[PDB]
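Some notes on the structure that comes next.
Number of protein chains: 2
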Amino acid sequence: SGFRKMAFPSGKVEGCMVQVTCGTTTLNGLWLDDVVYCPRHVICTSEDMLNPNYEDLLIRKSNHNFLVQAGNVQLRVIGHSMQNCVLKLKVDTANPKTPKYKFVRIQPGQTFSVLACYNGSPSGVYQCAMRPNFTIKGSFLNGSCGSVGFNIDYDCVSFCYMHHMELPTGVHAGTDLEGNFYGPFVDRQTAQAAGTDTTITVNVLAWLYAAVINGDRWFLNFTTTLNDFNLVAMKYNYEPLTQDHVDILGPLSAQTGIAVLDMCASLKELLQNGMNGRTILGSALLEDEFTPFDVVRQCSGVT
Amino acid sequence: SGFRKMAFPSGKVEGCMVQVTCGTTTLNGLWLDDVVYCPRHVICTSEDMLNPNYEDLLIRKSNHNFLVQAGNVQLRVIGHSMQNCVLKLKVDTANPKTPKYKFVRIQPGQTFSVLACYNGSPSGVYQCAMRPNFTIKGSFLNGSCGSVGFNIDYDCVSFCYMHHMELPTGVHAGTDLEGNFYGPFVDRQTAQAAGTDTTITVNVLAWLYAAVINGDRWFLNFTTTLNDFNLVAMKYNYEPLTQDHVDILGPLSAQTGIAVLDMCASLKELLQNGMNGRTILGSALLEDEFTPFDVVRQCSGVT
Ligand SMILES: C[C@H]1CN(C(=O)Nc2cncc3ccccc23)Cc2ccccc2O1
Ligand SMILES: C[C@H]1CN(C(=O)Nc2cncc3ccccc23)Cc2ccccc2O1
């Protein structure tokens, strides 16, 4: 038993991290097959990042201006093209360590693992959630640009995130692997407002089920309507709970023998009454970085 | 910026996880060079685990009674020997993916990453701390026995943990890679008391420095004696703060420009006054699973 914030095994993603150098700027890249994916603002200097014209800047760049290092190995760049906010550098060598992989774009609330890298070398791995306002509260330093987020679906790595930028708030923004930003953000150093962040309600409910499974049960009690609890959730800046959310919580409801609405009733008084100084699974706040599938992955131990 | 509980890259450890089967029992093992390390209670049935005589039980076992699977590959066992609580199975093949590695025994308070495995296949990775009473609050299911904890010191994997058992509390106990249990625990299913757990004080102080580095500073204020704050710590079941602990907090003190004693004064009122409903780095409790080296690893981004 026990419940921890668990990240996927990062082995298959480690073998795809490269070092990309252009001009003086250096950030991380993703080498799959004979293509290297990296953020496009590698072609920018510090004066460029205030308002870069990426088409005009890339036009001054040629294949030999791109230094792709794969460990001690250095790959020959034979092509380049800008797809949205990522650069796609075609190289002569295909990556021998390429896993079976897909490119996916997650929806808000979904979770993934981040392999934080610097100069193409891995440094750490952690689990996090795509906030409703399409940001992530990550751990990123200067040079972590190019690190990727991913999920693993039985020997298949689903890349969903490439880190681009830090917002002045201290939170982070990025794109999918096709270059399209999550949220209303642009790769440019100006004031950028992240929206009002809400709590992933379906995740908090899945996390309370994981606590019942693990023995902590004091928060159980009432029932409530979906409509009635949503009005409770709206006041506490929780994102509304739809019927599909109830449907996905079905297996947890059947294993626990607690109807979804009864759990929503127990959470509604958690919201209105605080926690009185107690803890759930060793946390004094309500955790929302576990999806209903995350909870049953860990409680079932899928590999 | 940002601060997350970060686990080491688990790639090098993934290539050493095997499946070990003996009788009907199956758990994980560690294949380094031509030796496979696993918990010795793999030779036990469910009636054996009440009070097993491991010498008498192992004497009935021969090399062919041991099924070591390395993925689809299955290795030939040509020797076996019991070192304390681990079994050492010599195999014909040397592991081609063996990293540069050491066997170390950590002291309490030190942290490491756990690669949770089932049937020799990795499932997740998380960061945790060896509690002062030599247990870990982990995430382990039936079959996770044999998973290892480790630190990585620049391309060198230092194995320090092998998970053996769940205590009736729901916490976990294990050994070093030489078979000696952390704590007063024996591989046998009886009532086993873990000692009074204390809070790793040197870790909480390193975590408050990481918050100052990351912008959250409201908890700063006074100074206090080492002796005077230790008496504050003793009442709140914090382990005493020695001078070496102050010495290790030096670099964080010089980067932050806050003397260690002033931080101890700020923590002492955190202990006496609670947190008033606020959060530090997004946590409503005082985190103690970050060592002073963990904090500067992440704030420096070592790879
Ligand atoms: C300069 C250009 C390129 N960017 C980065 O280098 N971003 C960073 C990514 N990760 C961690 C960081 C920590 C500290 C400073 C930047 C970090 C993204 C960016 C972030 C903030 C302001 C402007 C900006 O645009
Ligand atoms: C039976 C023998 C072998 N052991 C395990 O199989 N331990 C386990 C390790 N991890 C997760 C577990 C989750 C649920 C049940 C056991 C778990 C260790 C052990 C634990 C508890 C009681 C007795 C005992 O001794």
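Chains A and A', in that order, are what the protein sequence lines are. A prime marks a further copy of an entry chain. Take the first sequence: its letters are residues 1 to 221, 223 to 304, numbered as in the authors' numbering. Take the second sequence: its letters are residues 1 to 221, 223 to 304, numbered as in the authors' numbering. The beta carbon of each residue, even a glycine, is placed where N, CA and C say it ideally should be.
Per DSSP, reduced to three states, the secondary structure at residue 210 (chain A) is helical.
Judged by their CB atoms, residue 17 (chain A') and residue 149 (chain A') are not nearer to each other than the 7 Å cut-off. Among the residues of the stretch 130–150 of chain A', those with a Cβ less than 8 Å away from any Cβ of chain A are 137, 138, 139, 140, 141, 143, 144, in the order of the chain. For residue 121 (chain A'), the shortest C-beta to heavy atom distance toward ligand 2 is 6 Å or greater. The beta carbon of residue 271 (chain A) sits closer than 7 Å to the beta carbons of 219, 287 from its chain, once the five residues preceding and following it are set aside; these are given in chain order. Judged by DSSP in its simplified three-state form, residue 85 (chain A) adopts coil rather than helix or strand. Around the C-beta of residue 176 (chain A), 16 or more other C-beta atoms lie within 10 Å, and the residue is accordingly described as buried. Counting C-beta pairs closer than 8 Å gives three or more between the stretch 135–150 of chain A and the stretch 26–41 of chain A, which meets the contact rule. With respect to the 7 Å criterion, residue 34 (chain A') and residue 94 (chain A') are classified as neighbours on the basis of their beta carbons. According to the DSSP assignment, residue 68 (chain A) belongs to the beta strand (DSSP E) that extends over 66–70.
Shown here, residue 300 (chain A) sits in a helix according to DSSP, grouped into three states. In the displayed model, residue 281 (chain A) falls within a strand according to three-state DSSP.
Of all residues in the stretch 179–194 of chain A, none comes within less than 8 Å of chain A' when Cβ atoms are compared. Burial state of residue 223 (chain A') is exposed, judged by a 10 Å Cβ sphere holding fewer than 16 other Cβ atoms.
Cβ proximity to chain A below 8 Å picks out 115, 116, 117, 118, 119 from the stretch 108–120 of chain A'. Shown here, residue 293 (chain A') sits in a helix according to DSSP, grouped into three states. Shortest gap from the CB of residue 189 (chain A) to any heavy atom of ligand 1: under 6 Å.
Taking the Cβ atoms as the reference, residue 3 (chain A) lies roughly 5 Å from residue 282 (chain A), within the contact range of under 8 Å. The stretch 135–216 of chain A' is shown to contain whole alpha helix (DSSP H) runs of 4 or more residues at 201–214, in chain order. Checking the 6 Å criterion, the Cβ of residue 85 (chain A') is out of range of every heavy atom belonging to ligand 2. The Cβ-Cβ distance between residue 208 (chain A') and residue 264 (chain A') falls below 7 Å. Taking all protein chains shown into account, residue 135 (chain A) has 16 or more neighbouring C-beta atoms within 10 Å of its C-beta and is therefore buried.
About 16 Å separates the beta carbons of residue 58 (chain A') and residue 78 (chain A'), which is beyond the 8 Å limit, so they are not a contact pair. Look at residue 274 (chain A): its beta carbon is at least 6 Å from all of the heavy atoms in ligand 2. For residue 166 (chain A), the chain A' residues whose Cβ falls inside 8 Å of its Cβ are 1, in order along the chain. Looking at A':61, A':129, A':254, the one whose alpha-carbon comes closest to that of residue 174 (chain A') is A':129. With its beta carbon less than 7 Å from one in chain A', residue 285 (chain A) belongs to the interface.
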